[PDB]
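> Experimental coordinates for this protein are included below, preceded by the sequence.
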There are 4 protein chains.
Amino acid sequence: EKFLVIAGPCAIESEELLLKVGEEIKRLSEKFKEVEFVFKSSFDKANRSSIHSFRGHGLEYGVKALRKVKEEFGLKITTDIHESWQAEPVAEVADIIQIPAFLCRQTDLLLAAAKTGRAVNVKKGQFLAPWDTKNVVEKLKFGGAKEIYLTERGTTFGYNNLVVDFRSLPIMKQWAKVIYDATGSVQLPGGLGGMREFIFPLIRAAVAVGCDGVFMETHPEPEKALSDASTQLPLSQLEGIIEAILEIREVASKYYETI
Amino acid sequence: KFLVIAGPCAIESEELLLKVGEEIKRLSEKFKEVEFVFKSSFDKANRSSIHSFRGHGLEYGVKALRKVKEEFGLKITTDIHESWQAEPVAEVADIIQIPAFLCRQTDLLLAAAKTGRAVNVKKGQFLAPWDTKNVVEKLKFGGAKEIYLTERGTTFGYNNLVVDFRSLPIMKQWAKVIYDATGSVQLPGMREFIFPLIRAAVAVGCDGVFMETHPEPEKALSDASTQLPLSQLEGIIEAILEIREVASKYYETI
Amino acid sequence: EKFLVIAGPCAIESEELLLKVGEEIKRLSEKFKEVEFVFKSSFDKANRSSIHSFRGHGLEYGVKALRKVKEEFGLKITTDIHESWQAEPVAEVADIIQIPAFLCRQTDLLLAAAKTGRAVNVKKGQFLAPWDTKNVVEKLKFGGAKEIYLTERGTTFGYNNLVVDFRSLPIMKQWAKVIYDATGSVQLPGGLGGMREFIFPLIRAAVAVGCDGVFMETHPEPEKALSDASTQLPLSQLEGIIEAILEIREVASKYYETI
Amino acid sequence: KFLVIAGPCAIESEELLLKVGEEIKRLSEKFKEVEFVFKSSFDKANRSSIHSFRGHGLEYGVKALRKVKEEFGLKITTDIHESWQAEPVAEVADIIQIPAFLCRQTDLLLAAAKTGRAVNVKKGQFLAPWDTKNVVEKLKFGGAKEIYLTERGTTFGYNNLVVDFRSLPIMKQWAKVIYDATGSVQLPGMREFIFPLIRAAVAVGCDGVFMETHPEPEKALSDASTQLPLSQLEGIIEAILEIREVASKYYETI
């Protein structure tokens, strides 16, 4: 099947940042024709640790900025919702509605996303076991979702640390398409945190094990990002990472197990 | 004074609430030094299965709770799941409770603080003790003056929660600490560990305990495996007050 | 039953340090007559992280120093072994043979300790689940051990950290007397580590839950210790801690569950 | 060259060793770029139950292994459990293996290094990746020149091990890294996860893989739930060499 690459700046810092990233993603979409690209960016960081951190410019502004990206580059769009009422307005531009990791068990939010008729991607909560995602997919199907994805983004491992149990990819694959969050899985919750040096190796692991797509937050200058400055991938490195995982995926694919 | 927050997990009916409320009222009269707070949810908004009991709704719930406060003069507390629920809930709730999974949702916290009520945040199973400092700051920023942090266990491998009692003294630096005696032994539980760990909580030192109690836990529509049998509540309360009395002498300064 | 308080300097830095601690332990044994004191000290730290750290002055010297303590103060003695051949010579002075946490599954070591006829105290490995200690006790009984103790000293929780799951006390109590290691449970493995501020609260928790004794490494000046300098309890604080746990134990005891 | 350490968990008999050794010899001739090392224990010294199979002893074991090296010209490796065993084992063993639980026992490490042989330390389930640096230092201090660190999983809650692949690049800073493909999926296991994770190990980058293989794992006297069926070894080796070939291009510098 067509490999999915979900990527974009963590937060919609501005409509300019988006178009700048969208341009590069469009270029890669033209090169990697065997890949389905989806532009990602949050109109709001509703779960920052500190009340003083950047959240965003609002739903209205965010949706409008995203529609511009889709309009200008013809790229599919995905963004996350935080409360039920947001599903409807977001569904107007988002091809895939994302459910935040902490909210992966909030029934009404999942139901709100599902009835829009859009695809739904649920980030697996850091407190959730792989096999417990079966009920998550069941809620979505109950709610009308026909295209469902489960995203691996790490599991709580002691304090301020996340480990990736790759056994989750084949387990979750039993009931939904699986995406690997290459940048969220290396973050250190409330650490400062994040270790950028592990993004690449862990993503190679993901494609070797086998998944249906990767998720990466990328920014022109991660150092200046308003969110996830420690984990966002420098935009100039995106192409190389993608070529690399496509190569590893190809050679490893004949060995992927049959669920 | 020492806080004791108790009640059935879910508002299965105002009938059940009234029965439990009667017993809590009784204990309330028997333990005058303890501040009792009746607790119950009008909706289990985070059940694993779409086919599980959620409740009878916010309206039916607030009504049932209203009847408990009016018929027994007991303070009330319930949890909210989305921002718009803060205001209507604040009508009856003296303490607005924030679900563990939602302890980082800024808008939910701000909405609860805005109501002027007291706010009790259940500590996420993914959160480190010291990271609750920022949770409190959000509430203070939002106008909350009576803030509580409730220890309910931490993710330990899959389908298991461990109680790191080091959290109590750490969280006490910036907020009053409550120990969730029934939520801490559940397996994302063993009722046999409820009393032992509640004893540990008061020996370590906390500002209150939190317990889900039901006449027939096995028949409860929620947390049937961890809810405390109503008949056992008095005995446990007496026990923890006695332990607290002796142990409080050694609680570390702030 | 008579509460057990196992205490002493982590390592036998010298025979003087031992007599100095032994004197204080003897004084407390005279005061707390409802307590059975056992003087503890390792003749060798065989598992230091660094090859450059203090290990000890050898078995010969250690045993001789311990025999002096027992001889001078009439105090029971306990020390740990690291290999099978050490059981016999150590058994000549030690009333209780201790098995290190990392070695709690080494069959021959456990068997070596058991055949001496001495009591055996096994530190629960940081990798072991509470219920898995049942087989540990079975090995010891198979080997002839008649007086067996299981010591809770924490469990691996993420990297360089240990958490105490107090549910282990009643679980392990099903097949052996249980001891709580108040100083080992707060150490941060390979941290530098240890957090002394948590020793007291966690020990209050232990007696409230209910155990058959406590284990504490105490040194006149923890800051100058050759081992566990970050976790050893200042000797001057020992009396107060003991009085405190006896008080909490008493008031909580009527509520201890029946296994 | 890339290392492939394989063989039956326990030396159930030199008969079994010879059969497995024959297949490993065959692969050895088929994969000339890979350095194969025959592995097997003469004693399961850390079994949970006193009533489980331990082995036939060090003498019978060293003899059986000697026969494999002489009959197939394959390098040998086995694990020691106490210091005195280092010397006699070094007679046959090209690589002395240090059990995971014993990775911190200084004397055991020094005794293995003293023999002049190569030393492979299984990383304790309680050890952080960066703390293996000191393990290597001990071996260097002891005279070891060929040092290996084997990733075999980390304690994750109770009765479970997780493989944190971040360890591979971290440990590679001070020693060659081997991935234990069968020990990492055992539950203190699911064979279905052996191949997926071994693929991940080579995509990330390691200097070799470690696998316990047996003609009939289900009948094996040790690790019957995690041992790889002998017939599947060739296929997995071919697969990991192909993945390595493509992925090695991206392994990070040191």
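It's in. Numbering: from 1, shown residues only, chains lettered A, B, ... in the order given.

> how near is whichever residue of the stretch 1-150 of chain A sits closest to chain B to residue D:161?
Closest residue of the stretch 1-150 of chain A to chain B, CB to the nearest CB: residue A:129 (3.8 Å). Where C-beta positions appear, they are placed from N, C-alpha and C, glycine not excepted. Plainly put, residue A:129 is 15 Å away from residue D:161 if you go by CB to CB, to the nearest Å.

> quick revisit: these two touch, right, the residue of the stretch 1-150 of chain A closest to chain B and residue B:156?
No - using CB atoms under 8 Å, residue A:129 is not in contact with residue B:156, being 11.7 Å away.

> So these two - more neighbours on which side?
residue B:156 (24 against 19; other CB atoms under 10 Å in any protein chain shown).

> Leaving out sequence neighbours, find the closest residue to the more buried one.
residue B:162 (3.8 Å; CB to CB, 6 or more residues apart in numbering or on different chains).

> bridging residues for the one you found?
residue B:154 (DSSP bridges).

> Would you agree it is in contact with residue C:161?
No - with contact defined as CB under 8 Å, residue B:162 does not reach residue C:161; the gap is 11.7 Å.

> quick one: residue A:213 and residue A:37 touch, right?
No - assessed by CB under 8 Å, residue A:213 is found out of contact with residue A:37, at 9.9 Å.

> Give me the common contacts of those two.
Common neighbours of residue A:213 and residue A:37 (criterion: CB atoms under 8 Å, 6 or more residues apart in numbering or on different chains): A:4, A:5, A:6.

> Just name the closest of these to chain D, please.
residue A:5 (17.1 Å).

> For that closest one, list the residues it contacts.
Contacts for residue A:5 (CB under 8 Å, 6+ apart) come out as A:28, A:32, A:35, A:36, A:37, A:38, A:213, A:214, A:216, A:242.

> And residue A:56, its phi and psi?
When read as degrees, to the nearest 10, the backbone of residue A:56 gives phi 150, psi -170.

> so what's it up against?
A:11, A:12, A:42, A:43, A:44, A:45, A:62.

> list the contacts for residue A:128?
By CB under 8 Å, 6+ apart, the neighbours of residue A:128 are A:104, A:105, A:155, B:188.

> who are the neighbours in contact with the residue most central in space within chain A?
In chain A, the residue lying closest to the centroid (CA atoms, centre = their mean) is residue A:215, at 4.3 Å. Each residue near residue A:215 by CB under 8 Å, 6+ apart is listed here: A:6, A:7, A:40, A:151, A:153, A:179, A:180, A:181, A:182, A:183, A:184.

> wait, the last one sits on residue A:217?
In this case it means residue A:184. Yes - the criterion here is CB under 8 Å, and residue A:184 meets it with residue A:217 at 7.5 Å.

> what do the two both touch?
Shared contacts of residue A:184 and residue A:217, counting by CB under 8 Å, 6+ apart, come down to residue A:231.

> picking that back up, kindly indicate which of the contacts of residue A:128 lies nearest chain D.
residue A:155 (7.9 Å).

> Could I get the contacting residues of residue A:17?
Residue A:17 sits next to A:9, A:219, A:220 when contact means CB under 8 Å, 6+ apart.

> My guess is the second one contacts residue A:225. True?
Spelled out, that is residue A:219. Yes - look at residue A:219 against residue A:225 with CB under 8 Å: they come within range, at 4.7 Å.

> Touching both of the two, which residues are there?
With CB under 8 Å, 6+ apart as the test, residue A:219 and residue A:225 both reach A:9, A:10, A:232.

> I'd guessed the last one sits against residue A:221; true?
No - if you go by CB under 8 Å, residue A:232 and residue A:221 don't touch, sitting 9.0 Å apart.

> For the residue of chain A found nearest chain C, which residues are in contact?
Residue nearest to chain C within chain A (CB to the nearest CB): residue A:158, separated by 1.1 Å. Applying CB under 8 Å, 6+ apart to residue A:158 gives the contacts C:157, C:158, C:159, C:161.

> Now the two most distant members of these.
Taking CB to CB, the two most distant members of the contacts of residue A:158 are C:157 and C:159; they sit 8.9 Å apart.

> for residue A:45, what are its contacts?
Applying CB under 8 Å, 6+ apart, we find residue A:45 in contact with A:10, A:11, A:53, A:54, A:55, A:56, A:227.

> shouldn't the third one be in contact with residue A:228?
No - with contact taken as CB under 8 Å, residue A:53 and residue A:228 are classed as non-touching, separated by 10.7 Å.

> Quick one: residues in contact with stretch A:135-142.
A:104-105, A:107, A:110-111, A:113-114, A:120, A:122, A:148, A:150, A:175-176, B:48-50.

> With stretch A:19-31 instead?
Here stretch A:19-31 has contacts from A:5, A:7-9, A:35, A:37, A:39, A:41, A:68-69, A:72-75, A:218-220, A:235, A:238-239, A:242, using CB under 8 Å, 6+ apart.

> If anything else comes up later, I'll come back, but that's it for now.
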